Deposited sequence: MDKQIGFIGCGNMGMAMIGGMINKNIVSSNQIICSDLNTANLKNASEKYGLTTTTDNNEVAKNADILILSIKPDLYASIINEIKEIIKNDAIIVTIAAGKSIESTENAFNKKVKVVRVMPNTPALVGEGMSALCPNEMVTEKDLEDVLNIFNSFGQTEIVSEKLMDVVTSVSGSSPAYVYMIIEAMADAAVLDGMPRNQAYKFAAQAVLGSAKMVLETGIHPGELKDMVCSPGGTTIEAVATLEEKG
């Protein structure tokens, strides 16, 4: 896409999203601008991707066709705008704040997509739940999906199920770590080196999950 992408917040999750978009050739680095409250994060974004960085959240929002907000739930009210483009798509992540809440911060009729991504986005295997408001068009939604598809899978869900979404992704790590450790320990006891054992176990788990994902619904 020829869209300008703006990130308010560029810690681990922002970096993950930018990495996906570049890896999948969805946008070029010269189409991305970011801010963060932490200077080390700006430095990391700049040095890794070569994108435009700024200390002014207004410079990010000024030209952004898609504006991604990845800040503390507690900071939302503060950051949220008269400078945003009239047709900008606002994307809120690490949902803890509803679409209603975000609409009432901008006041006006604004396009909003509330998203709940998860940690494995960091390795290109995220699961992202998206919920658009009524201002978002079919093409607008397609653009946001293309972004989240670049580092994981995506699903459209009602806002009422976002709680259920958090539950799934909050539980998975413990469940997975337990079965990987079990398989890896059994292998180590049978003579396999530990680093090799974890690789076999993790990839075995990943492959079985992919089988379920792709075959037998």
query = Which regions of the deposited sequence are unaccounted for in the modelled residues, listed N- to C-terminal?
reply = 81-83, 221-247
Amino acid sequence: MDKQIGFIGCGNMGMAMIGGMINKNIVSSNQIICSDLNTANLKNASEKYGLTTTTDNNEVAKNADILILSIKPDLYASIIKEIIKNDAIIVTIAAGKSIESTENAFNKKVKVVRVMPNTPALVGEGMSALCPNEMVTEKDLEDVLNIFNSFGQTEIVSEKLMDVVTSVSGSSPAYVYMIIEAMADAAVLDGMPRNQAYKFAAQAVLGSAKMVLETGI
From here on, numbers count along this sequence of modelled residues.
message = If you take the mean CA temperature factor per stretch, which one wins between 69-77 and 122-130?
response = 69-77
ask   = Highest Cα B-factor in the PDB entry belongs to which of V168, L37, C34, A40?
value = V168
query = Taking the C-alpha B-factors as the PDB entry records them, is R114 in the lowest, middle or highest third of its chain?
reply = lowest
note = Assert third(CA B-factor, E100) within chain per record equals highest
query = Once the chain's modelled residues are ordered by C-alpha B factor and cut into thirds, is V60 in the lowest, middle or highest one?
reply = middle
ask   = If you rank the chain by CA B-factor, which third does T137 end up in: lowest, middle or highest?
value = lowest
query = Where does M211 sit by CA temperature factor within its chain: lowest, middle or highest third?
reply = middle
